[PDB]
4 protein chains.
Amino acid sequence: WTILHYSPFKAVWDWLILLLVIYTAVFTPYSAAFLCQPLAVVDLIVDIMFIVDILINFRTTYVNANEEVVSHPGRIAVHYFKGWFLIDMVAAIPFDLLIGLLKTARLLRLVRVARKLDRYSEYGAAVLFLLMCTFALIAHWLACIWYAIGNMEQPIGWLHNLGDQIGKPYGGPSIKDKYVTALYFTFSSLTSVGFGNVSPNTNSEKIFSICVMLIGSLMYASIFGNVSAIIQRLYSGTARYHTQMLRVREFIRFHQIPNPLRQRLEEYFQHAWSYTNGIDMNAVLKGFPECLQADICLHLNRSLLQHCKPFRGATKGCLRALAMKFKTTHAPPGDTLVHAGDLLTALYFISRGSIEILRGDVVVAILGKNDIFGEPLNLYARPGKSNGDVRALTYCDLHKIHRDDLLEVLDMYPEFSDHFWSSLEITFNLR
Amino acid sequence: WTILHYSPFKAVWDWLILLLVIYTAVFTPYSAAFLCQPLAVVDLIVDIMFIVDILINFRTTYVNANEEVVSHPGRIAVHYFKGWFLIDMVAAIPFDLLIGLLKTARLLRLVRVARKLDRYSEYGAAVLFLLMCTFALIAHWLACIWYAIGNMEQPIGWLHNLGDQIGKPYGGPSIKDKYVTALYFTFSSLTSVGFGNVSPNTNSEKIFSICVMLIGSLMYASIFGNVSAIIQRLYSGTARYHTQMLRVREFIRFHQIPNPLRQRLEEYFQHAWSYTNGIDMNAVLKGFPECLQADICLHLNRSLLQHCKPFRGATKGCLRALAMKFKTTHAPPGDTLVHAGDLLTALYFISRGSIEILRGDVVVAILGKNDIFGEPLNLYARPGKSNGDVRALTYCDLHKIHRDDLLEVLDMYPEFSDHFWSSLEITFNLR
Amino acid sequence: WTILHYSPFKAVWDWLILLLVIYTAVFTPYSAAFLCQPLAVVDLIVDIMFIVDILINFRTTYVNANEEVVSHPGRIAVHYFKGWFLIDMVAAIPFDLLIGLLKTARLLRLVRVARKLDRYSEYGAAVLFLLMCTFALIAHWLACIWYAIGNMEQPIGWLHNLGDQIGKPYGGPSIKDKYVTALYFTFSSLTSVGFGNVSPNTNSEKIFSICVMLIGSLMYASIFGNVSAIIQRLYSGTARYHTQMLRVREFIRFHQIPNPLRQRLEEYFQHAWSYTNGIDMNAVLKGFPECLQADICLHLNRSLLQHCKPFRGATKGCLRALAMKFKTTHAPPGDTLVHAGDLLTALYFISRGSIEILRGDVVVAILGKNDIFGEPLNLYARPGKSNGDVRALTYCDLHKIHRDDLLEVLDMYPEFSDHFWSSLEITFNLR
Amino acid sequence: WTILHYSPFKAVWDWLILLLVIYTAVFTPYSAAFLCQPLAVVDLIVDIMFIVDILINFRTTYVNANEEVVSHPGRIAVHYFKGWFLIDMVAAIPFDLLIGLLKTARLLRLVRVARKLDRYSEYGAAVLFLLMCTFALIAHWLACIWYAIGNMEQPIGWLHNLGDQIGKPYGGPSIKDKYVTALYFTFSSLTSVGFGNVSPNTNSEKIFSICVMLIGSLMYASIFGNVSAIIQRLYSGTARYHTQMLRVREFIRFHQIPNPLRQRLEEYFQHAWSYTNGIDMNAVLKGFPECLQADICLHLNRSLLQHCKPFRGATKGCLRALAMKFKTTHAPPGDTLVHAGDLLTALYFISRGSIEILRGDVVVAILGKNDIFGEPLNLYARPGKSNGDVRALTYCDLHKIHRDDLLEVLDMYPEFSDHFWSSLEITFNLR
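Residues numbered from 1 in each chain as written, not as in the entry; some residues may be left out. Chains lettered and ligands numbered in written order. Heavy atoms only, no water. Residues with missing side-chain atoms left out of burial classes, pairs and counts.

Method of determination, as given in the entry header: cryo-EM; reported resolution: 3.8 Å.

As named in the PDB entry, chain A is Potassium voltage-gated channel subfamily H member 2, taken from Homo sapiens. According to the record, the entry carries the title "Herg1a-herg1b closed state 2".

Structure below.
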């Protein structure tokens, strides 16, 4: 019969609790210093539905360190005892039995909503909103204290001055002005502007003004600190880019690096940063553990999977392995690559874009949409030149495999080995 | 007969010294500018127990660079000579012989308590408390100077104004107001609020006001700096989390990564951060040197140690080695793992949670509480399929060993080799 | 017939749009609160050439996610629909049909120029300029609001005071002063100075003053944050240097390191930082991918390329490989190096500067401008002493090759192998 | 006959130039706004010795990009032409031919001393001093401008008020007050305090006040930024320590790690941080290149060098190699180490402190001051137990060598091989 903690009714009740705690923390001091009808009825019903709230909290489940969800509300009751339930019960104790400073349950209400603050937090802007709200609350409380001192002093205080400036000599100013100027002065000394209209005269309010000045210093410092933290948290990525560019620049100017090579170097730098944004995908790929690593590497194989006929007959373990074994090589359009007379151990398949192969003005293999070039592997097995030089074109996203890696991964399973060698499709074997 | 330095009586004496230095640094200027009875007796007894203090310091031990504790108080005396003992002796010299500016020993008292400041420091909040205290002290001294200038000017100064606002025209205001307004004004120009009630009129106090404004600028900047440093020191961990998530997000959106695979990737990300909190435990494990490394790796072996019968007969060196050789593999509930037709060199034991093994809808080995599966090792020694696919369940905390590592670590000691192969317990050998 | 987006005429039009939006956002409120002729003609022509602007935007090309440049202006039109074109069309709708608050199209103009803000940004100083500009705009708007409240209150407000201080009792002050003091007061509460000349008296302007104080707090915090971010972004490189120096110092006085060794260590440290500036060139060299890596490593080979006769006959692949295989070794003047009786596998060529070779006061090989020393390789192949010790001189930039690396890279191609061994030029083979 | 640039006379001349530029930049405006005798003689002699200065600069050497020191002052002259020499010559042109704003050469003097600012910089405190100095200069200039406006307005400005407050009604205040209040007001609006004694009344000084407020905002922000940068630059090391401790703590509480082992872990952590301070010495050891690396590693060999008799006959290359081959192992007092039944390939010598060897309550080898234990190497060559367990004592700074490393480094030179095996001193070979 017990309700669960994440029930939406509980959340709506929590929002109503927040509204009511704000209401009481705002109206109790303002009525306590400055100040029949159903307002007392509302005040008592506040305590009543907070008693209802503790009843619900015993009814609804809680989250323990061991058990996130547990039944048997008696356990919830014994967990709440000697803790926040004592606070919320003091908040649920009527104190009607004037003397308004005994309404300290309202501050316990704010303590328990501060217990709910972490749930309320989603991003950094909400933090700024909460800081502004507590700024306003501190201001209102200090204004109530200031008005209380002003009343006590009058039997030369700021009240007589106020009677003089806004013309109501003493009569007396209305309760509207008698609070607006209080709040005005509380900000006048909290954000450190300090106007000359209202200013302390006798001793007590000078002591109070010292206290307000110190509080303002502290909290204004806190606001600066948080705002600076956020702004730096974004200019951190900004500075990452700037330091990357600076290191590149330092290398370039250190070794002279005449105009052609340099310009290719920097243009490649912005080309890289355009998509990698400084962070390499290789490191984060290695961070993900084995099986997930293969799976995310398997997603990149929507290119050679379906277009290679032998690949279809392969077993899924072979798919995963031979998939992780590939290297999809990015290169910006307009690159020259492996020459003739080099090693042939760097086996190459075609993955994306299009490239042309110029061996002494002999352009061949103008393909590039999931095609294949390279060397035979059974008999040749000889490093050297395949056909000759390659020539630059549009997107040079090629497909690196190794001549030792492919063999070691392939020879463990001879059935797909044979099925692979039988359907040896090469769009243009450069010989 | 000598006392040692860390005696509690010495610490209590140090606290009393702190109380007395605060007392003197507060009351000497206030009596010097604004101002029979035992107060002179108290002032002289101050010097007396500071002489007692230097006597104790010669009696009690000190900490040298070479010897932390040394006897023979003569060595302590020769070490103190020409140094802080000269300062504390000047502080222990009576200057009774008005002229109150000669009481410069009080500032040396503050210098020597600043020597004790590092001991007083425990965390960052104490730093803020000390900054607030020195703020108050600077304020009090500047207020005393301000009152002195005010007295000198009166033969138009702020004193006559003060006589005019709080009604005591000249008579004259009481010594209570004649100091409260001084402190009020000193804050008025130190936290940069600048009220209009009291303000410099003649030339001398305008020069003084310039000096106060500059001092306030400097120290207010210092307070902002420290508070910002602390707040950034916490949002550092915040930003670490945010940049980790950002790199993950960038990888995800770079390579498309359709909804199923992506959602598993991020959910695994929060699962990891839930307990690792960004920092990998592997790095800190490798940081700890060899023997401690094995010992802390030995603590993780409360799982396979007592439940493996052959393990009990093993020698402790074998325990340490074979313990460091394991890899306790974390995996969140709901993971698929090594298939059939793969390599068998990845030997696997059961460490925590529970998992099920589905080879073509054939679920076997539903164990998982410190159990064992895998392949025989003596005769088989062949990569391939063991039984087939595994199926996802609750906590997938498995137990990686290697087929080359275990052999190389085990074959160095044939007695436990034989005892191990004899008691070859496997809860379900997947064949 | 369509114009392209990057046409200079479009950029000049954008600059004119910026000028006109500034003009309107400045003059519309000032005329709306404080305030025949062609000014209405100018105001309407503003809307007219903004209609012209949307016509051009449909005519000129745009940049899509897939296509950077696309023809067929109908596509541009359908892309603009339901988006920024609605905003710019509301800005292009005349509202002549007093009531000046309906001119909300001017704020949409500022929104769309904020869309162009990223293009306007080049560095950080422009950011500070834009922040100052928006500061001025906020000030002007708040001054207009303040003047409006002042007019409303007059049927004790600040207007009567203004009539009293600058002598024009009521008559009334000219519209020049009636605005200069407004702006004066708006800064008086925005940068938190708070003069006493003009200050709120009745209730409405006290509420307004509270609002201004809060806005000033926020934006002043923002300015501090940005400036601190930039200054820290430079002292970051400063602190990098300092932390390198500190680590060096830590190592120095941990291990004593008497004066000769210490001094050579720090002098080498400053020598290194003089040109490497902390960042190693090795890391950035490895960062650049293969082909570019070789090409930039090939640029360093303007030293041994043209002066080695066998090198000329070599094939370009051999050039690239044997070029990447070298290590140009930096060493400051005044270094001692490999002794006799050591290994000879560290083959050494001469790259820059000059050095002396002293084997028992026998100085030989006073060369160093692209010269060669070392050992024979065909028959000798023996570790040991070559001739003996070296002697320090000016720039010790030597040329490391390996005795296994050179062979493995050279033996793959026997034609240049033979051509190399035939022209075996060694300026002084130390035997 | 030419003087060199680093001559001390040149430095003394530079200091005199600094004094004179400060003098002129201070007195020229104060004479120009507020204000026979040799002061004109001094003013002209200023230009005279600045002409002398440019004469010296042509005489003395300069530093070029290629040549740090070069003779032939004609080259210095042609280098100075069309550059800073034009500025210094304009500064060396007399403008006597009132109008005091034409003395713009004084600002060029400040520009050229700003060229010398980098030389003046040694640390961060000098930066703060220079910022304070330029703060004072900006204040003085703004005060001169303010006084000029005040004079112009008088034919209700602040001058009449000043005549009223300090009693000198108009007569008029002395030139002392007529400047002290100017500086007072310039700070009143620059550090954002804003007193009420002096305040703008007519339009001109309100515009000026707006400008001053903006300048104060900017420069006050700059001061905050720099101070925060320095304070963060120290709390950076603070935060390094804190994050190290945090990672250690997270590992500790993640894996439970019961009290004995945990306590050993943190006590070792503090012991490490006591001397390494987070900075690992291995990294900086590997950072220093080869020869210097061996030399600084050779300094650690004042322990086994002189006490090993065979070591003396060794060749210096063997010294260097066998020295770099060692590992001086730090361990805090109270550690247990390699047991029996383990591998013997970890050869161990005694380096520092003292340790005891307990094999079944059989304590042997109580040495430790540059002594030797271990196993024979010629015939034994068998992993296993040497004698048995070791027992904890004071400083466990032991001496790691390897059984493969020592052989491979030793067998390249058989003469010291034989001399080593002949004088095979082992203080206690644990058998």
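**Some remarks on the packing of helix α2 (residues 39-59) of chain C against helix α4 (residues 84-91) of chain C**
All names here are of chain C. Relative orientation of the contacting elements α2 and α4 amounts to 155°, with a least axis distance of 9 Å. Between α2 and α4, the angle falls in the class roughly antiparallel. In this structure, α2 meets α4 at a crossing whose hand is left-handed. Across the interface between the two elements, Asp47, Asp53, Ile54, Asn57 and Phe58 of α2 pack against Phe85, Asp88 and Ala91 of α4. Taken together, the residues of the contact of α2 with α4 break down into four nonpolar, one polar and three charged. (Axes fitted to C-alpha atoms, helices over the stretch in contact; angles between N-to-C directions. Helix = DSSP H or I, 4+ residues; strand = E, 2+ residues; numbered from the N terminus. Parallel < 35°, antiparallel > 145°, perpendicular 65-115°, else oblique. Left-handed = near helix turned anticlockwise from the far one by under 90°. Contact = heavy atoms within 4.5 Å. Nonpolar A, V, L, I, M, F, W, Y, C, P; charged D, E, K, R; others polar.)

**Let's talk about unusual backbone geometry**
We note that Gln37 of chain B has phi near 65°; this positive angle belongs to a residue other than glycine. Considering the arrangement of structural elements, one finds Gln37 of chain B in the loop between α1 (8-33) and α2 (39-59).

**Notes on the sheet that holds strand β6 (residues 398-402) of chain C**
All names here are of chain C. The strand order across the open sheet formed by three strands is β1-β6-β2, and the pairing between neighbours is antiparallel. One side of each edge strand has no neighbouring strand; the edge strands of this open sheet are β1 (327-329) and β2 (346-350). Strand after strand, the sheet turns through a mean of 35° between neighbouring axes, direction not considered. Here β2 runs beside β6; their pairing, made up of five bridges, is antiparallel. The residue bridging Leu347 from the neighbouring strand is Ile401, located in β6. (Pairing = 2+ DSSP bridges.)

**Things to note about the interface of chain B and chain A**
Counting residues at the interface gives 44 residues for chain B and 48 residues for chain A. Looking at the side of chain B that touches chain A, the elements with two or more residues in it are α7 (124-153), α9 (177-190), α10 (203-254) and α11 (259-276) of chain B. Here the element with the most residues in the side of chain B that touches chain A is α10 of chain B; it accounts for 14 residues. Each residue belonging to the side of chain B that touches chain A can be placed in one class, and the counts come to 23 nonpolar, 16 polar and five charged.

**Some words on the pattern of salt bridges**
A complete count under the given rule lists 15 salt bridges over all chains for this structure. Here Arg249 of chain A and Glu266 of chain A are joined by a salt bridge, their closest N and O atoms 3.5 Å apart. With a gap of 17 residues between them, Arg249 of chain A in helix α10 (residues 203-254) and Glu266 of chain A in helix α11 (residues 259-276) connect regions that are remote in the sequence. Residue classification places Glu266 of chain A among the buried positions, given a relative accessible area of 10%. With a closest N to O distance of 3.1 Å, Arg112 of chain B and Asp88 of chain B form a salt bridge. By relative accessible area, which is 6% here, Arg112 of chain B ends up buried. Relative accessible area serves as the criterion here: at 7%, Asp88 of chain B is assigned to the buried category. (Salt bridge = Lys/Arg side-chain N within 4 Å of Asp/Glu carboxyl O. Buried < 20%, exposed > 50% of the residue type's maximum accessible area, 1.4 Å probe, protein only.)

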